[PDB]
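In the text below, chain A, chain B and the rest are named by the order of the sequence lines, each starting its count at 1.
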Amino acid sequence: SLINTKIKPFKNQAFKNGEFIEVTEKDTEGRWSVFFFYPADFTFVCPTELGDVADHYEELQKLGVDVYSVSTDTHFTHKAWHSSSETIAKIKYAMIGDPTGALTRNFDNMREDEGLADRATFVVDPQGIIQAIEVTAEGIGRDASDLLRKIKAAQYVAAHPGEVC
Amino acid sequence: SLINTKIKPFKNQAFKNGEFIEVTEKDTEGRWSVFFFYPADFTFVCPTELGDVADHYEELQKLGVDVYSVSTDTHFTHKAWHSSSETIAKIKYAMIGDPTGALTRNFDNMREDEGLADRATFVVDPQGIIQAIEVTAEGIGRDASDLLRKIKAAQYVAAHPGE
Amino acid sequence: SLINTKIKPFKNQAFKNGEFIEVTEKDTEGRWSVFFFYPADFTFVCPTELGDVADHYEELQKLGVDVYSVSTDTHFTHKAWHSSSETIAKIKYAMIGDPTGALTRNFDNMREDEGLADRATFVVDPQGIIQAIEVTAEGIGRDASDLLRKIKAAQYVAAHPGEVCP
Amino acid sequence: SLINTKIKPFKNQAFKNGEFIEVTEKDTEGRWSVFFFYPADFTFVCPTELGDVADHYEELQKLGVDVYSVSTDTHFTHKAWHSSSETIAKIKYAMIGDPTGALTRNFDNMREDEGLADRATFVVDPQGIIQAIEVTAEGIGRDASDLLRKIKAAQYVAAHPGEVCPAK
Amino acid sequence: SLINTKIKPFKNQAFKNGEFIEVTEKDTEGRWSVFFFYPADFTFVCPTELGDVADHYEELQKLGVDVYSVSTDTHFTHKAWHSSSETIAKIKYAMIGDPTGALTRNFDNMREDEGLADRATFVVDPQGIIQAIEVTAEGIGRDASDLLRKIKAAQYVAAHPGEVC
Amino acid sequence: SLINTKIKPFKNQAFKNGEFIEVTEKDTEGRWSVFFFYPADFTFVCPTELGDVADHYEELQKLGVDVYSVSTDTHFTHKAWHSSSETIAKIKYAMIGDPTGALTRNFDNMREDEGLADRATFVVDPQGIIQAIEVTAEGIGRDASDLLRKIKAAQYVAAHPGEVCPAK
Amino acid sequence: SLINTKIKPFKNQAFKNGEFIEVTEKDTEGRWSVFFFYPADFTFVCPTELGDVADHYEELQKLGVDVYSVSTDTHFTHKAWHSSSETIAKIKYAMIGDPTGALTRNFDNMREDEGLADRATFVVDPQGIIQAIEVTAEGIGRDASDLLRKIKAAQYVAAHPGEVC
Amino acid sequence: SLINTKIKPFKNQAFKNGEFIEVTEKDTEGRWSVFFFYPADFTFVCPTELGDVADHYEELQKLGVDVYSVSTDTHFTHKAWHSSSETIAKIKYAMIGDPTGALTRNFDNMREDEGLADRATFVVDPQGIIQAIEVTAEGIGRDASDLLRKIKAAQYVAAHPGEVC
Amino acid sequence: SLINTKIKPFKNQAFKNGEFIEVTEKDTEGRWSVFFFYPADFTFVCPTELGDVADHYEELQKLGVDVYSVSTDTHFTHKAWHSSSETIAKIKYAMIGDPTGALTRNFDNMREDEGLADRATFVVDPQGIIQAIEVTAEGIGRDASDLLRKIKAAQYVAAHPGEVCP
Amino acid sequence: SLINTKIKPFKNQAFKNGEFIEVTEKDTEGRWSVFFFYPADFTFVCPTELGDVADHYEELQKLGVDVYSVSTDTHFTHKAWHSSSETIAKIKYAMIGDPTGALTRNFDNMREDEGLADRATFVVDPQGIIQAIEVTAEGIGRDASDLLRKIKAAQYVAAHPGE
């Protein structure tokens with residue numbers, strides 16, 4: 001896996017709280033980042049995973065953690081899904097559009113025969129190193145709580161290196 | 001250009017009049033087909049080109065012509081857009097989703113740096129031969145009327161070899 | 001397609017209003033251009049398409065739009081065809097000869113089997129970018145009227161960038 | 001990642017309750033399996049993750065789930081570690097030895113510059129398909145209860161497809 | 001040079017006395033053929049070479065020789081030229097159009113710089129073998145009568161195999 | 001074979017008398033060294049070869065010869081093995097851990113299909129040159145006295161070149 | 001064909017009226033040269049072509065033209081032949097020996113099958129440009145007088161640049 | 001090392017008790033073999049190693065062990081060294097000549113810049129598998145006794161596989 | 001060198017006693033052959049070497065040894081040189097012409113700079129194996145006497161294999 | 001053949017009149033050299049070729065010619081053979097050992113399947129140019145007299161360019 005490797009440069013358009021912005025790796029430098037990948041906007045499954053993360057967003061920002069959800073849809077589609085779904089509407093973090101599939105391929109998370117990203121979550125530290133990876137098949141939910149636990153644990157480890165036992 | 005070449009095999013999902021279906025080159029054999037490519041669903045450009053083709057869909061079905069609109073979005077996104085835009089709601093032809101971009105690259109119509117298709121239209125005869133091609137930059141609309149004209153002329157020619 | 005790409009350098013001989021001139025990409029820089037390819041001079045096909053463009057040439061020149069018809073025939077052949085056909089004689093725009101096929105191939109418009117160019121039209125802006133492409137099989141006609149509308153729309157968006165939908 | 005791909009064939013020796021057995025992919029067919037990778041036996045870090053999984057092994061087995069812990073150490077070393085650690089002693093599932101690193105590389109889980117496996121867990125279904133993947137850096141712990149939840153969800157979805165919450 | 005090699009197959013359209021026809025290598029088998037290449041139709045240069053050949057045409061046809069003029073122009077353009085030029089209208093032999101340049105290239109006679117054939121004449125016997133070659137720069141003329149001499153001698157040497165001194 | 005070639009650079013962890021130290025080729029410069037490779041710690045075969053070398057370690061040290069036993073196990077495992085085997089307990093020289101198999105491959109001594117080192121001994125002189133090589137299949141023992149003889153011969157020849165018996 | 005290209009450099013030995021000399025491309029610069037290739041010395045075929053050229057030699061030398069006969073035989077063999085054959089002894093121009101086949105190959109005139117040059121004549125102007133080419137199969141003759149015509153016209157066209165019709 | 005690999009096919013001439021014979025791998029099948037490599041015949045160092053082996057030859061034949069000494073010299077040289085040196089004279093085993101260096105290269109025992117083999121000894125079982133390897137620099141003697149010990153140990157192991165301890 | 005290799009197939013024209021014949025490797029099979037290469041006919045060098053071979057030809061034929069002189073000159077040139085030189089006229093063996101250089105290259109004996117063959121002699125046995133090679137720079141002469149001794153020795157060992165030293 | 005080409009650089013050990021020395025192409029510069037290759041020392045073929053060259057060594061040293069015999073054996077073997085064969089004992093020129101075969105391959109004279117050199121002699125002038133080459137199969141002896149003759153002629157030619 002990509003565990004313990006440095007993220008790659010990227011440049012994508014995103015939808016964030018009613019506005020379109022540009023996100024690059026420069027924007028992640030010096031902060032804790034979560035790249036949350038999912039297959040596609042507007043499908044028939046409920047966005048509970050994305051919603052669960054939105055429910056814990058405020059707490060994640062306290063920890064200084066930025067969140068970026070990613071799918072191969074465009075940021076335009078994201079804006080429309082954001083105003084058509086009650087759950088998605090709760091999202092205040094950036095929703096990156098990756099139509100070229102480059103961000104998704106950077107994380108080796110592309111299903112090439114579908115052109116859609118897999119259900120993968122990556123935790124990245126301030127130096128751009130992946131400290132936690134979680135991948136799941138459809139129906140096996142990614143728990144935002146366990147995600148918070150891992151991040152706190154990863155932040156703890158960075159402050160207290162070599163934790164003897 | 002691809003003028004006068006045979007279209008390639010393809011298998012994509014699509015939204016058509018409320019239902020999701022599969023489309024392949026096999027569904028085009030024996031028919032006149034129009035492949036209408038555009039950049040993306042839900043942007044801020046007026047969907048007049050798509051709606052205009054819809055206004056003429058009635059007439060095209062009479063000439064035995066099928067219409068397939070194509071973008072790199074999913075069929076799911078087409079369904080959503082079809083319920084959001086009054087102009088898109090008029091569409092009764094198949095809206096093909098090409099998330100992998102394979103259908104788009106078949107017609108050598110991909111902007112690789114954007115992951116979206118260029119505004120291209122192709123007219124294909126019953127034998128899979130591209131008989132007319134039209135491509136324009138954004139802001140320069142495609143006229144549905146001119147399309148119908150080209151299609152009738154294309155049909156004449158096939159039944160009245162060289163005059 | 002070649003949509004949104006810059007035209008490539010070229011150098012050909014042409015017939016324009018009784019004389020032989022040389023055209024290069026230099027002449028198109030800073031101007032709007034229409035490259036109108038066709039298969040061949042002196043064929044039994046009605047020159048209706050070329051004359052049709054001639055009919056709109058005055059308005060095109062008024063709009064800063066140059067026109068260049070192109071075929072793999074020589075510029076010598078164009079002179080003859082021009083003083084031979086009532087329709088072709090109406091043409092005041094340059095008639096480029098492309099016997100090496102280079103100009104035609106720059107636009108990826110060659111029917112390699114016949115050594116003749118396909119029936120394609122290209123609209124190029126002052127910076128050399130292709131903004132509109134049209135290609136048709138023999139017998140399917142190009143409407144000069146449609147070309148005019150497109151050219152105007154092209155000029156419009158160059159002047160009014162990112163005009164969102166009202 | 002390896003999500004949704006089929007596990008590759010393998011043949012390793014392991015230590016299972018005072019015994020040395022062989023384990024191959026055939027042993028996993030028609031069963032639910034958890035492949036638990038860790039870097040090394042006998043190190044200073046508390047074998048917390050290994051023990052937590054040991055505690056929930058009763059439950060896992062009730063669910064028809066087999067567990068295999070894996071490291072590049074040999075089975076001989078696992079047997080020794082199992083005799084000296086109170087925590088490791090409570091392990092009743094198979095402890096696979098992967099000295100050639102073939103098993104580890106099959107799951108693309110090798111830290112090449114160390115010759116040790118990364119902290120990664122893989123849930124594999126009866127047809128050998130990887131349904132869940134978890135990888136963490138040293139210090140970040142893997143929660144066995146979170147694993148149990150995922151396993152039950154994977155079984156539920158296998159048994160009842162499409163019963164996924166409908167949108168609006 | 002191509003001297004003493006067999007001509008390559010070809011298929012071209014041509015103009016021959018009011019009508020359009022198709023010439024192919026098969027139309028040369030068992031016959032003496034002369035391929036006369038020239039740069040271009042409707043030029044400002046005197047059509048002398050082609051005309052001086054039309055004159056000796058009855059004679060040539062008698063010796064069992066066929067004449068094929070070749071240019072990279074189309075056959076449509078040939079018809080037109082054999083109607084606006086007095087000298088050209090005297091041509092009873094086939095005027096081949098070679099817009100793809102294949103026939104010219106078969107004879108290695110293309111001026112790649114211009115997409116026009118060079119001033120070259122070839123003599124091909126019934127077996128498809130080139131027995132005489134003549135290439136001239138624009139300006140020097142190709143003597144029609146001398147061509148006839150070559151054909152006579154070529155025709156003799158063919159009848160009375162290498163006659164020692 | 002690697003006879004008469006210079007040893008390659010290396011950096012490994014080892015267990016030396018209750019401690020964990022690092023060992024690199026720099027540690028061997030200006031010294032005589034014996035690199036003793038074996039397949040695995042904690043296995044069933046009697047650690048005879050390892051102990052025999054342990055017994056003669058006093059003598060070896062009197063001669064200015066350092067000993068390094070090597071296996072693809074980790075140093076952590078060597079420390080554990082050193083605490084449970086009476087024979088291994090008498091080892092006072094460094095026990096190098098080579099989990100990435102880099103040291104082992106430097107001496108071209110890896111059984112690739114097992115990820116374990118072959119039974120091979122290498123005598124390296126002060127300038128890092130390999131002067132003697134010995135490799136045996138499992139079951140065929142390496143004699144520490146035969147090793148001592150070779151080492152003394154290697155030192156004698158280094159000190160007195162050409163003093164080799166004259167022919168007739 | 002090589003029509004209208006610049007001759008390539010070369011260095012060869014040759015026989016010219018009782019003595020041996022060295023001809024090189026430099027000896028052609030600023031001069032009109034005729035390269036006359038023939039298969040082989042001491043053959044059983046009439047040396048007519050070479051002899052018919054010797055006759056017009058005074059004339060040619062007057063028009064500022066140099067003549068070089070070329071064969072893959074050595075120059076030693078040329079001296080010998082210009083002593084046992086009456087026709088050959090009339091030659092005042094340089095007889096070049098081309099045993100390596102380089103000169104023949106420069107002019108793409110080698111019959112690789114036999115290691116002998118084909119019957120070809122080339123006209124090169126002072127700038128080293130080939131203006132006329134003639135290749136003939138063994139048997140057909142190369143008209144010496146016609147060669148002269150070509151030279152005259154070639155020489156004219158060079159003086160009075162392309163004179164339109 | 002080559003430990004535990006199968007020897008490669010070979011075919012060399014050898015000198016054995018006054019006679020020249022041919023040795024191939026077929027000759028080793030079903031028996032225990034010792035390939036004793038050394039740099040060169042007639043040097044100034046004493047052949048004690050080869051002599052020590054000769055002293056233990058009889059005992060090695062009892063164990064069913066064949067011995068083949070090898071150097072890149074020819075078998076002719078071997079015959080002469082055998083009758084010039086008292087020590088070599090004691091040798092009753094085969095002395096293989098390997099002038100092409102193939103046997104030596106088969107065992108990866110060549111010093112390429114010298115064209116001489118290294119001081120390497122290989123013990124090969126009846127199935128052609130190398131069970132013991134010993135390599136030594138000049139002056140560090142190979143002890144025939146330790147060699148006998150290893151062979152007996154290897155023969156024991158083959159009769160009593162998996163010797164528990 | 002080519003020592004102990006089999007000659008390669010070949011096909012050339014030669015002049016032999018007033019006529020033109022064709023020689024191939026077929027003619028050498030079953031016989032002993034001497035291929036005597038030299039640089040050129042009609043040169044100012046004394047033909048002493050070729051005539052020297054002529055002088056021993058009768059004894060060579062008596063021994064079953066054919067001889068072939070070879071140069072890149074044509075067989076036509078050989079005829080002339082033969083009826084022109086008192087020395088060359090003594091030759092009754094075939095004089096091969098190798099203008100393509102193929103025969104000469106088969107024996108790796110070409111001076112690529114001059115297009116002429118080097119002064120080399122090759123002795124070929126009935127099975128096509130080269131048993132003796134001799135090459136010299138211009139001016140260093142080949143002794144026909146030495147060639148004869150070698151040929152005899154060659155024939156001797158073919159008849160008496162592995163003759164150890166007395 | 002290698003006729004008229006320049007010899008290549010080489011460094012070999014040799015036995016010469018009781019002593020071991022090193023020989024390189026540098027030792028040949030400015031002198032006439034004879035490289036005499038043969039298969040192997042100690043075989044059963046009469047060493048007449050080598051002894052014959054020895055008989056003429058005296059005379060060759062006068063013409064300023066060095067002689068180097070070469071085989072793929074070591075210099076050690078040459079020393080031994082020089083003490084065993086009465087014919088070889090007459091040799092006062094350098095006997096080069098070419099165990100790696102590099103000197104032999106330089107003169108493209110190796111029988112690769114045997115690891116021995118073919119019976120070849122090469123005459124090299126002061127500038128390293130091979131002026132005469134002679135190769136024969138076993139049983140067909142090389143005549144030392146003919147060699148001397150070739151060498152004198154070679155020397156004449158170098159001082160009397162083309163005659």
Side-chain angles (χ1 to χ4, degrees), chain D residues 12-15 18 20 38-44 47 69-85 88-89 95-101 114-117, chain F residues 12-23 34-55 57 67-105 107 109-111 114-121 136 138-139 141-142 144, chain H residues 162-165:
Chain D
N12 293 64
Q13 294 301 306
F15 172 74
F20 279 158
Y38 59 106
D41 294 14
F42 292 111
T43 81
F44 296 135
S69 59
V70 187
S71 94
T72 56
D73 291 309
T74 60
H75 50 291
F76 297 110
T77 300
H78 296 329
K79 167 171 186 161
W81 196 33
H82 189 269
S83 294
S84 58
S85 182
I88 303 303
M95 300 187 72
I96 295 175
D98 189 47
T100 74
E114 301 184 23
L116 301 181
Chain F
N12 293 64
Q13 294 301 306
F15 172 74
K16 229 278 208 60
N17 294 151
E19 298 287 315
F20 279 158
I21 61 172
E22 174 159 292
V23 179
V34 173
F35 282 84
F36 199 87
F37 293 78
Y38 59 106
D41 294 14
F42 292 111
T43 81
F44 296 135
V45 306
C46 278
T48 301
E49 299 183 313
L50 248 1
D52 185 7
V53 176
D55 297 335
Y57 187 59
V67 177
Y68 305 97
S69 59
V70 187
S71 94
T72 56
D73 291 309
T74 60
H75 50 291
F76 297 110
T77 300
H78 296 329
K79 167 171 186 161
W81 196 33
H82 189 269
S83 294
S84 58
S85 182
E86 211 162 62
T87 299
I88 303 303
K90 76 190 181 186
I91 286 178
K92 301 189 186 179
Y93 47 80
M95 300 187 72
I96 295 175
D98 189 47
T100 74
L103 224 199
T104 295
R105 292 195 179 86
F107 282 90
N109 197 218
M110 182 65 83
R111 297 171 181 179
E114 301 184 23
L116 301 181
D118 276 305
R119 296 177 179 288
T121 302
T136 63
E138 301 232 57
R142 284 173 287 172
Chain H
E163 197 64 310
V164 187
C165 210

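Residues F/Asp118 and F/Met110 are not in side-chain contact: their nearest non-hydrogen atoms beyond the backbone lie 4.5 Å or more apart. A heavy-atom distance below 4.5 Å is found between the side chains of F/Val53 and F/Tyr93. Contact of the F/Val45 side chain with the H/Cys165 side chain is not registered, since no non-hydrogen atoms from C-beta on lie closer than 4.5 Å. Side-chain contact between F/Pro47 and F/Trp81 is present, with at least one heavy-atom pair separated by less than 4.5 Å. Counting heavy atoms from C-beta on, the side chains of D/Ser84 and D/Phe42 come closer than 4.5 Å. D/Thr77 has its side chain out of reach of D/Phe15: every pair of non-hydrogen atoms, C-beta onward, lies at least 4.5 Å apart. Contact annotation: the side chain of F/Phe36 never approaches that of F/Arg119 to less than 4.5 Å [non-hydrogen atoms, C-beta and beyond].
Between F/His75 and F/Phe20, the ring center distance clears the sub-6.0 Å criterion. In this structure, F/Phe37 has its ring center closer than 6.0 angstrom to the ring center of F/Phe107.
With rounding to the nearest 0.5 Å, the separation of CG in F/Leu116 from CD in F/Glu138 is 8.5 Å. Distance check: F/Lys16 NZ to F/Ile21 CD1 gives 4.5 Å after rounding to the nearest 0.5 Å. Of the inter-residue distances, the one linking F/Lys90 atom NZ with F/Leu50 atom CG reads 9.5 Å to the nearest 0.5 angstrom. Summarising the geometry, atom NZ belonging to D/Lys79 is positioned 13.0 Å from atom CE belonging to D/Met95; distances are rounded to the nearest 0.5 Å. Once rounded to the nearest 0.5 Å, the distance linking CG of F/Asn17 with NE2 of F/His82 reads 6.5 Å.
Between the side chains of F/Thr121 and F/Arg142, at least one donor N or O sits under 3.5 Å from an acceptor N or O. At a cut-off of 3.5 Å, with distance as the only test, no side-chain donor of F/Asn109 or F/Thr104 sits close to an acceptor on the other residue. Using modelled atom types and a 3.5 Å distance limit, the side chains of F/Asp41 and F/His78 yield a donor-acceptor pair.
Between the side chain of F/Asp98 and the backbone N or O of F/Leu103, at least one donor-acceptor pair lies under 3.5 Å. Using modelled atom types, no side-chain atom of D/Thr72 and backbone atom of D/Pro99 make a donor-acceptor pair closer than 3.5 Å. Side-chain N or O atoms of D/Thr74 include none that pairs as donor or acceptor with a backbone N or O of D/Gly97 at under 3.5 Å.
Residue F/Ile91 comes nearest to F/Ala54 through the heavy atom pair CG1-CB, 4.3 Å, listed as atom of the first residue, atom of the second, then distance. Closest non-hydrogen pair, D/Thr100 versus F/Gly115, comes out as CG2-N, 3.6 Å. For the residue pair F/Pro39 and F/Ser71, the shortest heavy atom distance occurs at O-CB, 4.2 Å.
Under the 30°/60° scheme for interplanar angles, the aromatic rings of D/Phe76 and F/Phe44 are found to stand perpendicular.
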